[PDB]
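One structure below.
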Amino acid sequence: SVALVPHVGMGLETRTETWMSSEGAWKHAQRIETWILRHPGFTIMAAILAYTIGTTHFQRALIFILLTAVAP
Amino acid sequence: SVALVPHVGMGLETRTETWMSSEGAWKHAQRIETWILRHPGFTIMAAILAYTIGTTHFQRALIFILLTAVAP
Amino acid sequence: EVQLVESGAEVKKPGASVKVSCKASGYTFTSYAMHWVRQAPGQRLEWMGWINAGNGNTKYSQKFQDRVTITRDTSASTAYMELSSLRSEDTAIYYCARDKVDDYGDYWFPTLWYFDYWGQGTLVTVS
Amino acid sequence: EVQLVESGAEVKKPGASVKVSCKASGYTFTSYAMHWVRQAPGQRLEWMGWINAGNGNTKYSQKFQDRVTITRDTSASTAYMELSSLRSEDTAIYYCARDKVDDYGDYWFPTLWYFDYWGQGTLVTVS
Amino acid sequence: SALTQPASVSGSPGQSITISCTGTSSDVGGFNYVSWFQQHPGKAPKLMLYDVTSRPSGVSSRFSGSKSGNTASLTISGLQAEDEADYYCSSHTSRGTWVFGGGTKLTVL
Amino acid sequence: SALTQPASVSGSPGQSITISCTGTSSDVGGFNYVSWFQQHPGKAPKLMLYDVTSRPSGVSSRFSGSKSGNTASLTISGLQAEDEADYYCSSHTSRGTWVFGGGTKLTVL
Amino acid sequence: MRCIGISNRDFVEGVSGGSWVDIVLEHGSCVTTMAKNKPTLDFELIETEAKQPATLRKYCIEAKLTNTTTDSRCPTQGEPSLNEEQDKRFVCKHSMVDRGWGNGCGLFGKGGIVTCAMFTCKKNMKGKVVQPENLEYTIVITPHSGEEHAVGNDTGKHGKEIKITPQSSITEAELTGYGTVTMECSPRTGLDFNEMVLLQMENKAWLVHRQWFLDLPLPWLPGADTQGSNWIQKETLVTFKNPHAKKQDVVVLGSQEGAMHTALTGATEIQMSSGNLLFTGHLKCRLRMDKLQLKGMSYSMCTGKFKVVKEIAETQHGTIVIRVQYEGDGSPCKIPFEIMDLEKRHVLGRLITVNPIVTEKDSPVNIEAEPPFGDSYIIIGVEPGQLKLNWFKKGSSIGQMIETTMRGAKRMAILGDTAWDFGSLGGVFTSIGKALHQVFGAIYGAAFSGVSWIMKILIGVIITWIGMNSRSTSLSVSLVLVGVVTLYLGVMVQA
Amino acid sequence: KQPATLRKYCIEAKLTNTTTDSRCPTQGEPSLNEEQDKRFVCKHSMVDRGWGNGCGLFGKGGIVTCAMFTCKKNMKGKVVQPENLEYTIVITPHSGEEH
Amino acid sequence: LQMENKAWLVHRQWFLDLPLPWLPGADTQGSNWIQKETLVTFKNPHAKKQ
Ligand SMILES: *[C@@H]1O[C@H](CO)[C@@H](O)[C@H](O)[C@H]1NC(C)=O
Ligand SMILES: *[C@@H]1O[C@H](CO)[C@@H](O)[C@H](O)[C@H]1NC(C)=O
Ligand SMILES: *[C@@H]1O[C@H](CO)[C@@H](O)[C@H](O)[C@H]1NC(C)=O
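Chains as they are written, first to last, in the authors' numbering: chain A, 1 to 72; chain B, 1 to 72; chain C, 1 to 127; chain D, 1 to 127; chain E, 2 to 110; chain F, 2 to 110; chain G, 1 to 495; chain H, 51 to 149; chain I, 199 to 248.
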C-alpha cells in the first residue's frame, strides 16, 4: 500500500531529525528476526540452498543473507 | 509497521478467495518495477557488483535478482 | 398456514408521514425477504419495496428513492415502511409480498417463485 | 449433621463496635474456611467476611476494606466477626459459611461445592 | 418503466384467450423471470404462474405460458366464468428491480 | 460486582420457569463457579447447586442449571406450594471475591 | 437439482467396500453421489457458525493524547521525575536536551527531560478464540427428484438442512420418498481451530492465524478486562519528536484501520455481524447409503407422447439438462429415457437423474444425463410418439481426463491430505498415499511458510536448477517432487 | 510565503449508491450509465448462471458493480517556487553584557 | 504536504507516485478522483455475487 516506499533514500536530510528517527531505523531489522524465530524452516532450507550453490564462503553467506532478507 | 508482514504464508487458505486476492498478488512486482524506473543507478551498480561475484552465470543472475529485490 | 397481515391506517393529511406494518407468521421471518407493492386505486401495481432480509439491506428504487424509507424488526417478526411527505398521488393501497433469501443470507438473486403470499392491503386517504 | 449457631446482638449505635460469633461443631474446624455475609432485607448478599484458615489469612473485600477487622480462635473452635464504625445502613441480618481448604494449607483456589452450610441469622439495629 | 400488456380482452367461455406482455431485453428478453398474477375485484392478488411455464400448486392445470424473445404470453385453455380477473405481470430486471404489466382485465359474457 | 436477575417471576404448578443472570467475562462467562441459593423467609439459605448443574443431597433432583455464555439459567420443572423462596445467584470471580444476585420473588397465583 | 449450475462441483461414483463412501465438501463445491442403484444426491455446506466466542486480546487501532506535562532538570543531576509517570495510562520517554545559563541551570551540559501524555483508545479491534467444540456446521441434502422448477435452486424448501456439531451424533435425515441417509462426519479434523482467531474490525471480520494475531505491533490489552485503559504496548502508537536538542513533544500516530486492511491481505473474510458465521473451509463426511429407497421402483412404464417444455441445455462438465412433460393417462410411472448413438443399437451415455419419474401429475420433470463426446440421439419414450432429440457435445476426447487430472491436482493443492479422503478405502494405495502425503506435506509445512506468491516460484527455479545440474541420479529426486511441485504450488496459491 | 496546491490525495473515503447489472452468459458484458460517470468506481467480473437464476444456458454471465466514491479526508500538498522564500537570520556580537 | 494538523517536506517525485486516489490541485468540487482503485477493493467470493 502507501505504507511501503517510505521516503528514505532520497536525500533532503539535514541536522534536524526526521519524522521517525530511532523508530523507523530498526523496524526492518526486528521483523526479519521475528520472522526467523517464528519461521525457522525457510532459514534452515535457505541455509542449505545458499550452501549448495556458491563456491567461496562469502557467496554462501551473501546468498544466505539475501534469501533471508527478501522473505517478509 | 503493521502493514508489513502482511499475513501471506500461514497455511489457512481455501478454495474461497481471500481479502485481497488479485489486489496484492502483483503489487510487489509492480512496486519494485516502479522502483527501478526511478532509481536506475542501483540497478547498474547491483549489476556490476553481482557480475564480479559468483563466477557462474546463475550465481550472477541470482545475486542480481536478490540484490535488486531487497531494496524496496 | 402462512399468513401475512397488515394494519389499516386510513386518514392522513398531505405533507405528514404515514407508517404501515406487516405482521408475519407461519415461517422463520429472518430467512425470508419482504417486498412492498403499491397499487394506485383502479390501475397498475407499482414496486415500492426495498429488499429487507435478516440483516437489513435494501434496494434503491429510483422512482421511490428519497421520499420513502423502510424498517425491519426481528423480535416481533414484523416489517415496517414509512412514507414521509405524501401527496394526493401517493394515496393508494399498500401490499406486502414475500420472497426467499439465499443460503448465505445475501438476498440478491430472487427466487423464481417470487411474491408467494401477499397481505390484505392498507388503503390510505388524503385531504 | 452440621449446624452453625451464632451469637446475637441486642442494640448498637452508629459508630460503635458490633460483634458476632459462630460456634461451629460436629466437624473439623482446624482445616476449613469461614466466611461472613450480610443481607439487607430483600437485598444483595454483601460478602463481608474473608478467607479464614488454620492461620487466619485475609482477602480484602473492596467495599468493606478499611472498616472491618476480623479474628479467629482454635481453642474454642469458633470464628470472630466484629464491625466497627457502624452507620444507618449496616443494620441487617448476618450469616456464616463453610468450605474445605486444599491439603497444602493454602486456600485461594475455592472448591466446587462452596457454601455448604449456613448460620441462622442474628439481627442488628441502630439507635 | 412498465410492460405493455393490452387494456382488456374477452372471449366466450370454452375457448382460449392469450394475454401477452411486451418488454425490453433488460427483464424479459434475457431473463426467464416473467410471472403472472391475477386479482379478483375484492382485494390482493394471487401468484398464478411462475418463471415461464411453471405454476403453483392449486393452479387449475390449464394456465400456460411461453416467451418468444421480448414477449411473453398467457393463454387460458377451457375458459370458464370464474376467471374474470385483472391479469398482471412481473419481471426481475437486470438492474435488480421489478417492473409490472400495464393492466389487463377479462370478461366472459 | 453484581448480578442482573429479574426481580420477580411467576408460573403455575406444572410449567417451567427460568432465571437468567448476565455476568462479565471474568466471573460467570469464564469460570465454572456458578451457584444458586434459595432462602425461606424464616430460614437461613442453603446450598442447592454445585459448579454448574450438579446437586447436593437433600433436594429432590428437579432443579437443573445451565450456562449459555454469559447467562446462567435456573430451570424449575414441576412447581409446588412450598417453593416461594428467594432464588439468589452466586459466582466466584477471577480476582478472588464472591458476587451475588439481587433477588427473585416466586409465586404460583 | 440445486447443484446444476454451481461451478467446480464434482461427482463421485461408488459405494464400494461396504455401502459407504468418503466425501469432503467445501463451501464452494457441491459433491454429487452416484451408485449402481441408490438414487443420486447433492451435498454442500451452506453455513458454519462458532456459537460462543471469548475474546483473546484487544488491540488499539486509533488513539488520542491529552494532558501533556513535561519535566526537565539540570545537567549532571540525576533524572527528571513526574507525578504522572507512576500511572501507566501515561506514556513516557527520557531524552537529552542541552542546557546552559540561558535555560537557567548552570554547568552548561546536556540535561534530562521527560514528557508524559495519557493514552485513550477510541477504536478497538478484538479477536475471539473458539475451541473445536460448540460450532455448528449446516449441510444440505437434495436428491435429484426431478421436481418442477427446482434446478440450480440454491434457495427454496426442496431439501433437508441438517445441523451437525461435535456435540452431535450420527444425525440421520429421513428425506421423504427415498428413505434415510446417515452422515458420520468429522467436525474436528477439518478447519483446525485453536490456531484461528476470529478477528473483528468495526463492521468486518476475518479468520486470521493465532500466532500472527498475537505479535502485532499495535498497543494491546488482555481479553477479559473491564476499564480498558491499561494499554500495554503504547510505545508503538505514539512518537516522541526531539528535532533539535531543544525540548521534545508528543504526537499520536493516526489510524491503522487502512494500514491493517493491507495487513489482512491473504486472510479469508468471515461474517461476525449477527452470529459468527464463517464461510470458509471443508468438512470430511463419511456417507453410507444402505437405506436409500429409490422412489420410482414398483411403477410401470409410459405409453409415450411426451412434450419437451424447456430446451435441452448443457452445463459445465458436459451434461445436458432437459425438461419434459407427460401427456396421457397412468401418470405415476417411470420414463423411457435413454441416450444412444447413430445407427441406433449401442446404448452409450449414462444418466445422472437415474430413474426419471412422472410424479402423478402434469408437472414437468428435469432429467440430467451425460452424453458421449460426439453426435448422439437422446430418446424420451416409446414408439408411438417418441422424442429423438439430436445432440453434439464438444471435444471431451482425452481433454476430459487431462482436465480432471489438473482439477484433482488443484484439489490436492487447496486441501492437504484430506484430498485423499475423497474415495472409499483404496486400501493398498489410498491409505498409504494418505500417509506419504502427510509426511511430504509435513516436511513441506515446516518450510515454505511465510513464503509468498513469488518466492515459492523462485525456490522452485533454484531446486529445478540444482537438480538439472547434480549427478548420481538425483535429477529425478530434485525435479519431480520438489523442483516442479513447488512451481505448481507457486502458481496455485493466493486464492 | 505564497504556496498553491498542485495535487490533493484522499485519506479516508466512503461509498454510497451501490448498483449492479447482470447479464446472461453468451450475451456479452453489461453496461451502466454510472459506468462512464467518473465519480463511480467500476470493475467487470463474472458470476455463474443457470436455470435457478432465471437465466438459461448454464454459463458464466458477466456482472458489473458501481459505487459512488465520496471523499471525506484530504492530504493536500502545497508547492513553492524558489522565489518569495524569506529567511530570517539573527546577528549578535560577543559583548560583555548580562543575560 | 499537509495532514490534518501536521506538515512535512517531501520531494515531488515521491509525492506524485503515492498509490492513493488523487485529484488535480486547484479546483472546486471534486467528483473526478483519478486512481480510485487503490482505496476500494472488490470481493468476488465463491464465483457468486460481488
Ligand atoms: C490495602 O488494604 C488496606 C486494608 O484496609 C486498605 O485500607 C488500602 O486502601 C489498600 N490499598 C490499596 C492500594 O488498595
Ligand atoms: C485531563 O484533562 C482534562 C481536561 O484538560 C482534565 O479535566 C483532567 O483532570 C485531566 N486528567 C488528569 C488525570 O489530570
Ligand atoms: C444515492 O442515494 C441517495 C439516497 O439518500 C441520494 O443522494 C441519491 O438518490 C443517490 N445519489 C446519486 C445516485 O448520486
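Here a beta-carbon is modelled for each residue, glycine too, at the ideal position from N, C-alpha and C.
What did DSSP end up calling residue i once you bin it into helix, strand or coil?
i	result
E83/E	helix
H94/H	strand
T34/B	helix
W37/F	strand
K247/I	coil
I162/G	strand
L135/H	coil
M45/A	helix
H39/A	coil
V485/G	helix
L110/F	coil
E403/G	helix
Using a C-beta to C-beta distance shorter than 9 Å, which residues of chain G count as neighbours of residue i?
i	result
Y51/E	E148, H149
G31/F	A54, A224
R99/H	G5, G152
For residue i, return the contacting residues in chain G, with the cut-off set at a CB-CB distance below 8 Å.
i	result
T54/E	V309, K310, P364
For residue i, I'd like the list of residues in its chain whose CB is within less than 6 Å of its CB, leaving aside the five on either flank, ordered along the chain.
i	result
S95/E	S27
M81/C	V20, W36, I70
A35/G	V15
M48/C	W36, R38, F64
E26/G	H282
Find the residues of chain E that neighbour residue i, judging by a C-beta separation of less than 7 Å, and give them in chain order.
i	result
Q43/C	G104
I'd like to know whether the C-beta atoms of residue i and residue j end up nearer to each other than 8 Å.
i	j	result
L45/C	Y34/E	no
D116/D	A33/D	no
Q438/G	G304/G	no
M272/G	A205/G	yes
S21/F	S65/F	no
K434/G	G490/G	no
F101/E	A3/E	yes
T54/F	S67/F	yes
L66/B	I32/A	no
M118/G	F90/G	yes
Going along chain G in order, which residues have a C-beta closer than 7 Å to the C-beta of residue i?
i	result
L112/C	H149
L37/B	Within 7 Å Cβ-Cβ: nothing; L37/B doesn't reach chain G, min ~19 Å.
Strictly below 7 Å CB to CB, what residues from chain I border residue i?
i	result
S1/A	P217
Since residue i meets chain H, which of its residues come closer than 8 Å, beta carbon to beta carbon?
i	result
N230/G	Within chain H, no residue comes near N230/G; the closest Cβ sits about 29 Å away, beyond 8 Å.
Since residue i meets chain B, which of its residues come closer than 9 Å, beta carbon to beta carbon?
i	result
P243/I	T16, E17
Can you find the residues in the same chain that come closer than 7 Å, C-beta to C-beta, to residue i, ignoring five residues on each side of it along the sequence?
i	result
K64/G	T120, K122, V252
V151/G	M1, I4, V321, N366
So residue i contacts chain A; which residues on that side make the cut at Cβ distance below 7 Å?
i	result
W212/I	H7, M10
Spatial neighbours of residue i within its chain, please: CB distance less than 8 Å, with the 5 preceding and 5 following residues excluded, ordered by chain position.
i	result
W35/A	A71, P72
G254/G	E62
Chain I partners of residue i, CB-CB under 9 Å?
i	result
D73/C	Within 9 Å Cβ-Cβ: nothing; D73/C doesn't reach chain I, min ~26 Å.
Name the chain H residues whose beta carbon is nearer than 9 Å to that of residue i?
i	result
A446/G	Near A446/G there are no residues of chain H at all, since even the closest Cβ is about 37 Å away, more than 9 Å.
Whole runs of the beta strand (DSSP E) within the region 191 to 237 of chain G, excluding any shorter than 3 residues:
Runs found: 196 to 200, 205 to 209, 220 to 222.
Length at least 3, wholly inside the region 334 to 372 of chain G: the beta strand (DSSP E) runs in chain order
Secondary structure within the region 334 to 372 of chain G: the beta strand (DSSP E) runs of 3 or more consecutive residues, fully enclosed, are 337 to 340, 357 to 359, 365 to 369 (chain order).
Report the residue ranges of all beta strand (DSSP E) runs contained in full by the region 26 to 108 of chain C; include only those spanning at least 3 residues, in chain order.
For the region 26 to 108 of chain C, whole beta strand (DSSP E) runs of length 3 or above, ordered along the chain, are 35 to 39, 45 to 47, 68 to 73, 78 to 84, 93 to 97.
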